[PDB]
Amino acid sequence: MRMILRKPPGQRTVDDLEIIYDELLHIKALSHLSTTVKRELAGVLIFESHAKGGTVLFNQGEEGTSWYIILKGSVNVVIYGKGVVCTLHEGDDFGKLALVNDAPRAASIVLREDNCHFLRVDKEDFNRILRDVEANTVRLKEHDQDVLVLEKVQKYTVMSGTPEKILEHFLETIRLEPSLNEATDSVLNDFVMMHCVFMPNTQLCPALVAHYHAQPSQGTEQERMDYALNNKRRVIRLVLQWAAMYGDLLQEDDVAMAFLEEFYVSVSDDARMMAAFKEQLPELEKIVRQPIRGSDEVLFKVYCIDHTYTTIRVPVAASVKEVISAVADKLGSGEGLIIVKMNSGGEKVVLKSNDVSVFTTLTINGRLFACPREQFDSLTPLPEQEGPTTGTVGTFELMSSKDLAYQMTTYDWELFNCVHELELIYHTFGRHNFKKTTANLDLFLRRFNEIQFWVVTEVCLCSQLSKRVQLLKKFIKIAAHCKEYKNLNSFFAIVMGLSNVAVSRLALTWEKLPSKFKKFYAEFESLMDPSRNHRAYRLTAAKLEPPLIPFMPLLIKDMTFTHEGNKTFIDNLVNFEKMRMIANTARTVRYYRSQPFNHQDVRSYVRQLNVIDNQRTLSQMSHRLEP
């Protein structure tokens, strides 16, 4: 029997094969496989035996060349820097992951006891027989806990895992070969971007240092020297990707800057001494409207009930509690203050001490108030908040529709490029959880409302019906030119401004509009059809090439539902399936900005819009234009 299985695959008789197959039916590790598959394995499965305990089947870092099943005995799964991570027993299988992902061995396998028997299947045999049929989930275990979970979604990808093991996985799988620069960065990008949710810098940085200085516990001197050197090369690669992702945002993180500054010293010292990192050291040396920073300071006005105000000087990323404190300093009081946002329409919201960077989360005409709780219901809006009372048609009517739309898209692009990829992550998972600002996103998202209300304001302040028809005509043109420049955001903003109840009511204006522009708008309104998950817009945006501004409210919707529809943690492990989904959405924004974009009087108007955002006021103005 042992002899039969010890024979080379090509030297097995028909009767030998029949005997082997019958035995394979008793092996429970193979029971999920078919009859067809099992008899193919009969002429391929190699019986391996080792007598000495402590014998090494394979080492960490080596190429995956075999899959094993334990017939008799047990093995230690050994990882550098943590020793025996778990033990596998009779009936267990190992070695699948490295083989299928064509990745290095993540661990060593060492014989736990004397006299062990194994069934082995080599790589080319595994790939033609078992590759797409042995689809068992790979569950890496440490201390009888799941630590990494991988599945076929064709290679195995991380579904869930601990922050530490996820990092260990993405480190080991880095390929340093220059021809794989793009592929390596793409694989790391999910972790690099999404780590702030599950493994913040306060943990990640110490971990990166530990890995950089990690040494192998096995091998000849040269074997060990080479492993450690490449381990160091991989950690530098990840740090470079990590540093690139943050960019200017590192300045906001003292822990991250301290780490990077010291990491550079480590690497430069090691480069000199080991005669290595010739390509990577210079890259790391480089790293050691304008986007608003969280450390930047604002002079913000906080209003009392009698409409007097305090000017405070605080960081942009200041918490509500920090704002309350700054107000209490200048008013010289300790009498239970709350911060409340107020609309032009009188609608009030109490802010929580927890909330950070609230200044840019106000409405277009919103103001910030400080008062004791007893005053909350008596608060009334400032006259400043109610917007203009006479139009500006006399100014922008004299301006080309093409010039207006162009200066809009120019300004929209400056605002859109100020938004950092990470601000989308911070906004979705909640600002307080990161204590970071999303001021750039806040202001760019506000701009959609600004444009929308600009339209409604100018129409409602235009009393001459003849000129009001000329207005509707002009906005439709501005919208059409925006859709041409691929600024879909401003396009939809104008369209939705026209769709506003105050504007859609004006039948005598719409009827007197040429049917050429009536049909234009009806087509514009159909591009807004929420039917089949905004299919009308989604197909439109898909057709377009890189340099484009997407429909922002829909992006914010996608992000919100990805977050609420999926759990962050599954079985106390990071749901990395969710992490990828969020990262994909952010990369779509990256794709929209992958290419650049191709009259000071028009510029100044477009960038200094004065708007009514009070719907009640706009409805009342509309009603006395056309009763």
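Numbers follow the displayed sequence, beginning with 1.
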*asked:* Please classify the coordinate gap between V84 and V85 in terms of deposited residues: none, 1 to 3, 4 to 9, or 10 or more.
replied: none
_Unmodelled deposited residues flanked by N598 on one side and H599 on the other_ = 4 to 9
*Output the stretch having the higher mean C-alpha B factor in the entry; the candidates are 107 to 115 and 511 to 519.*
511 to 519
*Looking only at CA atoms, which has the higher mean B factor in the entry: 481 to 489 or 207 to 215?*
481 to 489
*Taking the Cα B-factors listed in the entry, which of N127, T380, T428, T220 comes out highest?*
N127
_Out of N231, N533, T438, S74, residue topping the C-alpha B-factor column of the entry_ = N533
*asked:* Where does the C-alpha B-factor of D144 rank in its chain, lowest, middle or highest third?
replied: highest
*What third of its chain's C-alpha B-factors does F475 belong to: lowest, middle or highest?*
highest
*Chain thirds of CA B-factor: placement of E134*: highest
_Please place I20 in the lowest, middle or highest third of its chain according to the CA B-factor in the PDB entry._
highest
*Ranked against its chain, the third holding the CA B-factor of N614*: lowest
